[PDB]
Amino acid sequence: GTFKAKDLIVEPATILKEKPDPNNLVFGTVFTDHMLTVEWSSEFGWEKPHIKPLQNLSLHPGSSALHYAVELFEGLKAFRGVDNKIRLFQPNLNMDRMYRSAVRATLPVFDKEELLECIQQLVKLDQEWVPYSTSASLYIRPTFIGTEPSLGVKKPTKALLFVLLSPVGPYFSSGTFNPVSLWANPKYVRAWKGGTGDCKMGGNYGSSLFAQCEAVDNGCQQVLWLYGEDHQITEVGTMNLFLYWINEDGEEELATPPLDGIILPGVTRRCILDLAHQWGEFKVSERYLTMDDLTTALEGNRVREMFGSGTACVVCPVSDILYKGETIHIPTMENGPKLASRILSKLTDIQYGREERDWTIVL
């Protein structure tokens, strides 16, 4: 049925690496000393979980992860609080999303509580990698791949679940948010109804690289994902999309696309919606937003802020959109950004223990 944290076999590294300067860190480039691995087969089920030194995987070249993208991942973070206790943030939501992704991948199910405990054991061993800074954190990358050594397209009879750790630094520079410009070309689609875009399966990402390179060489930084005949705004890069504006009815509104199958249900997205409801200061709407809705609002000076949301950076303000040849300015930064900054402050307060709330777990 499942591996068990009580069976953990731990092989410590005998040489330890020096830690990076948290302020000089690129996301996903530096790894800690150890990793978690757990093997599965249909014949014997789950093997015992191992923590061992970071090393290459040994994979049969026919492994289905390499041929048919039988893989999924997660992302969550460990935070060194102002009281020096290490916290995780809503990790159970990630365990939930990962399990669902595994079912949809036909990867073997596991006990979410045991995985969580194994990750905590790994973070505990490598806890010195959790930076001494309230603008840096330790990124946790659970990954799950088919290692079926046969070329049939089929449910894997072998798999590997592993966890990597990677320190992540601040996304601010010169004291402020560093806004992004987006490339909006409806020729590309990220996800479609009946597809797998609401799951964190590897398959959804390989096809985005071409569009990202096109964004870059037009001097944008990220892609604005459009969908349907009406050019709905869905996501920004690998982040969920929020729009703070005066809506059609002249009402102040925080809007985000609904979970209708083509939106990844981000943890950050869920938390922001919970905050905004609790505050009760403006309307909170999961609703469709089109490029027309947006360009109209802009002409009528009704847009206050646009930002992405995701684990790594929390929130990411948008300053410009390149669409049908014209550079459209978004006034996010000229408006503070008031709401983006409030959300970043509130989320980080919770993550670093400045505010105690049950969204976090110590250890």
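A residue's number is simply how far along the shown sequence it sits, counting from 1.
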property	result
Of 309-317 and 296-304, the stretch whose C-alpha atoms average the higher B-factor in the entry	296-304
285-293 versus 194-202 - which carries the larger mean C-alpha B factor in the record	285-293
Options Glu248, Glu74, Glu71, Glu128 - largest CA temperature factor per the record	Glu248
Residue selected from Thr147, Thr143, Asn185, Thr106 by maximal Cα B factor	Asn185
Lowest, middle or highest third - CA B-factor, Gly28	lowest
Third of chain Cα B-factors occupied by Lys19	highest
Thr234 CA temperature factor, ranked by third within the chain	middle
Lowest, middle or highest third - CA B-factor, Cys213	highest
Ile328, C-alpha B-factor rank within chain (lowest, middle or highest third)	highest
